[PDB]
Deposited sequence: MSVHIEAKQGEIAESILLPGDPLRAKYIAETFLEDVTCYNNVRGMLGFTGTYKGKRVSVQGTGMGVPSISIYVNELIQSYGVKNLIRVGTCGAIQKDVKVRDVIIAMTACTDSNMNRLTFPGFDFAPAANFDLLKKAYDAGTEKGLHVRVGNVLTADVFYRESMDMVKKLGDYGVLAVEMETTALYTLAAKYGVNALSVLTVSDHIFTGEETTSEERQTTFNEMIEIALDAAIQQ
């Protein structure tokens, strides 16, 4: 495809989607066997390997709705991928969400215009695939992780002049801020494939755990 140089058939139907291509490399090296690197276009590393007997891929997405949209569109439309699990980080809005918590996004709010353009006059709520969500939730519960299932903000702007609306979203139970989920969920829905975002809380607005999170994402995917 335009941004992925990997053949037909080189990418597995199940794929993990870290924002950071170097985390894709870390995931492939740490968890996968029989690994090949299928992409280095724009340094956006993608790998395919085997995890407990199943082929799985792991592909960097870059940061932000537009970047992940490129890779997700190409993965689905050009490579026939069917299960896509973002594995990322996020920033907690509120005090009850703690660093190293694992957040599974049921849905995502956004300041992106991507869905207003597609559905003028409507608020589109991007939804996780429930089957994948349940699978990841159960795996995370079994793993002994602090797993929170809920709402996140998919932000276009990492640096905001005022965090007032972010705080307000926190008051309406939005757990954390990140920069990809709206796109992943919307595009997965568009193409009738299955998506989920599993996030580690790395900071506040106001690794051993990461490995466990990758494990539950691998298990789900």
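Original post:
Which residue ranges of the deposited sequence are not present in the modelled coordinates?
Top reply: Residues missing from the model, as numbered along the full deposited sequence, span 1, 208 to 217, 233 to 235.
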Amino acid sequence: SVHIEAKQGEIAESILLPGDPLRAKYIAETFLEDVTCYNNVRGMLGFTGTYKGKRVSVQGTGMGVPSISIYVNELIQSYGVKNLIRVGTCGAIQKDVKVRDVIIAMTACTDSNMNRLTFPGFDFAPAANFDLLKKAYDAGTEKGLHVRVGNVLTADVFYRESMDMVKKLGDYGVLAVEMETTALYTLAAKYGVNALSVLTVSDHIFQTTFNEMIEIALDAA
From here on, numbers count along this sequence of modelled residues.
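Original post:
Mean C-alpha B-factor higher for 12 to 20, or for 208 to 216?
Top reply: It is 208 to 216.
Original post:
Which has the higher mean CA temperature factor in the PDB entry, 174 to 182 or 33 to 41?
Top reply: According to the entry, 33 to 41 carries the higher average C-alpha B-factor.
**OP:** Have a look at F47, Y51, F158, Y191 and flag the one whose Cα has the highest B-factor in the entry.
**Re:** Max CA B-factor in the entry, restricted to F47, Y51, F158, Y191: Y51.
**OP:** Between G80, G144, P120, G150, let me know which has the highest C-alpha B-factor in the entry?
**Re:** Within the set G80, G144, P120, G150, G144 shows the top C-alpha B-factor.
**OP:** Would you check the entry's CA temperature factor for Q59 and let me know if it's in the chain's lowest, middle or highest third?
**Re:** For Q59, the deposited C-alpha B-factor lands in the middle third.
Subject >> Entry-reported Cα temperature factor of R86, expressed as the chain third it lands in >> reply: CA B-factor rank for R86: lowest third.
Original post:
What third of its chain's C-alpha B-factors does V166 belong to: lowest, middle or highest?
Top reply: It falls in the middle third of the chain.
**OP:** Could you look up the Cα B-factor of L132 in the entry and say which third of the chain it sits in: lowest, middle or highest?
**Re:** It belongs to the middle third of the chain when residues are ordered by C-alpha B-factor.
Subject >> Third of the chain, ranked by Cα B-factor, where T200 sits >> reply: CA B-factor rank for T200: middle third.
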